[PDB]
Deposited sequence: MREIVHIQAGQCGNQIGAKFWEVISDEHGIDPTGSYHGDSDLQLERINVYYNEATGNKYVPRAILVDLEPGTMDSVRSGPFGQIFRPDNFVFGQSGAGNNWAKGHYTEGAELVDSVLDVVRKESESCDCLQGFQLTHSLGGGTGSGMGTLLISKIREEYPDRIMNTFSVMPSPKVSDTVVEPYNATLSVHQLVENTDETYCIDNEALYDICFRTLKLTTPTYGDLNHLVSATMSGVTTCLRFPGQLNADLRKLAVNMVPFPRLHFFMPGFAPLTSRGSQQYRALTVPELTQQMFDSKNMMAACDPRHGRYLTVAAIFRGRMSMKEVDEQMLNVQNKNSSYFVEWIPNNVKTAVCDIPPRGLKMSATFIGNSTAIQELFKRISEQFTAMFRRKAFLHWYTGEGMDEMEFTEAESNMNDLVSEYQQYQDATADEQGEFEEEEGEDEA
């Protein structure tokens, strides 16, 4: 278990994917030309997990860039680390998806899927011990959502024994008041429940709420929201990228965090919260379990934690963390299921992220995540009851039954979270 193949699809996918490469290259001491200018051997130990070594001491990301709108490839290239990506790995179409899930999944997206799969095969064959795949995408658009899920299903058929992990951006009318987004999100969640092993739920509603109420930014932009997304992605991939006591990988995360196959949607959290441009151990433990620090707009005190993985970054006592973590579990005992003993794992890492001397990232599998799914479901039901813009989907080959099946599957998922929320040991 070593190599991860990163795929980024659509506008949101490529935008957050580029920020991820910028934030992790700086942490490993890799400059935009692929040269290592760091000062610690701990940066190069598991560098092969995300980077392919090339001649002349070069490190190229094992990243595949996909989109149907060609303007996205230009915006990525003009970025600071835009030239580091392998030019052969850019696979872009001529006509976009126009925020239509059916165009991404059945017509425009289906004509480019074989070309992307040839590039995926090229990177997977050059892997000594492939762990699996990591995809960044939004669920409210057309390409990341429709073509992103089709890609997941096809990659699943050729590699059924590897882990499929996604960083899925959930829509909110506070950031994009485009009314077809609940349809594209519901049709995608139906696919994600069936075909992924682990999904990090990154909600634009929570990101906007943090920026506007906590960071006091009156008109948040995508750069401000993406500042929080890149900090979360760096935090949740820390133990895949640095040695640490555990030999963490994507399969050990799934076996220990996912008790039921469909309940694989995680609520990430981060502490401290900071704005771009501009803490003791008990404050970081307290802030990690606070609703204001969650990247999904759900109150964890409305549900119960099935499993939790916490990663602390920086110089601190390992005994103080053990005491403080047990302390949070005692005062908040009613918010953890009593039928999964030792359901909280903690890890420490020496190297903190940029600017912050201390850091704490939270990964929770909580029943409160049903609040996020209930919000999308209510928006979907309001639109679908009136059959608004349904012809835009049925005209691209889709049938009405696919909408009712997706709605039924998502409501069944909410009922499944509620079932384990009310479960007792006795």
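The deposited sequence has C-alpha coordinates everywhere except the stretches 279-283, 432-445.
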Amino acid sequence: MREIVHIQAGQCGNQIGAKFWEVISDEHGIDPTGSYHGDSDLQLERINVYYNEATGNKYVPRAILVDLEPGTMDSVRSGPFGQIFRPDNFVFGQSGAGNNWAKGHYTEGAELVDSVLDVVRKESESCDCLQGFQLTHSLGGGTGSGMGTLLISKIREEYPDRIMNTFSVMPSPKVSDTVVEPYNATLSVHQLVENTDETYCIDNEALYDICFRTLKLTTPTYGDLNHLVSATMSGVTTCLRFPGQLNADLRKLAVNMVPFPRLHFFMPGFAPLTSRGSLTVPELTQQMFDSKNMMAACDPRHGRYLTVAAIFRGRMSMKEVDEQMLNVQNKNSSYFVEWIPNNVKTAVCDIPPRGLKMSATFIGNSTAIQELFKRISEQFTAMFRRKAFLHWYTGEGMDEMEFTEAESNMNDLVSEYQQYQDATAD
From here on, numbers count along this sequence of modelled residues.
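So that the term is clear: the rigid core is the largest set of C-alpha atoms that superpose within 1.5 Å between two forms.
Two stretches, 170-178 and 184-192, are weighed by how far their CA atoms sit from the shown form in 8 other deposited structures of this protein after rigid core superposition; the farther one is 170-178. Where the structures in 8 other deposited structures of this protein are fitted on the rigid core, 241-249 is the one of 128-136 and 241-249 whose C-alphas sit farther from the shown form on average. Across the other compared structures of the same protein with both neighbouring residues present, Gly79 carries coordinates in every case, with no third of them leaving it out.
Checked against the other entries of this protein, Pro272 counts as resolved in every one of those spanning it, not missing from a third of them.
Taking the PDB entry as given, 87-95 carries the higher mean Cα B factor of the two stretches 87-95 and 148-156.
For the segment pair 69-77 and 177-185, the entry gives 69-77 the higher mean B-factor, averaged over Cα atoms. For the set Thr361, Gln370, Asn52, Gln379, the PDB entry assigns the largest Cα B-factor to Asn52. In the deposited coordinates, the residue among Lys374, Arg62, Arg385, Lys58 with the greatest CA B-factor is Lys58.
In the PDB entry, a CA B factor belonging to the lowest third of its chain's modelled residues is recorded for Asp209. Per the PDB record, residue ranking by Cα B-factor puts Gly223 in the middle third of the chain.
Among all modelled residues in this chain, the alpha-carbon of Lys216 has a temperature factor (C-alpha) in the highest third. Ranked by C-alpha B-factor against the other modelled residues of its chain, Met1 falls in the middle third.
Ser40: CA B factor lies in the highest third for its chain, per the PDB record.
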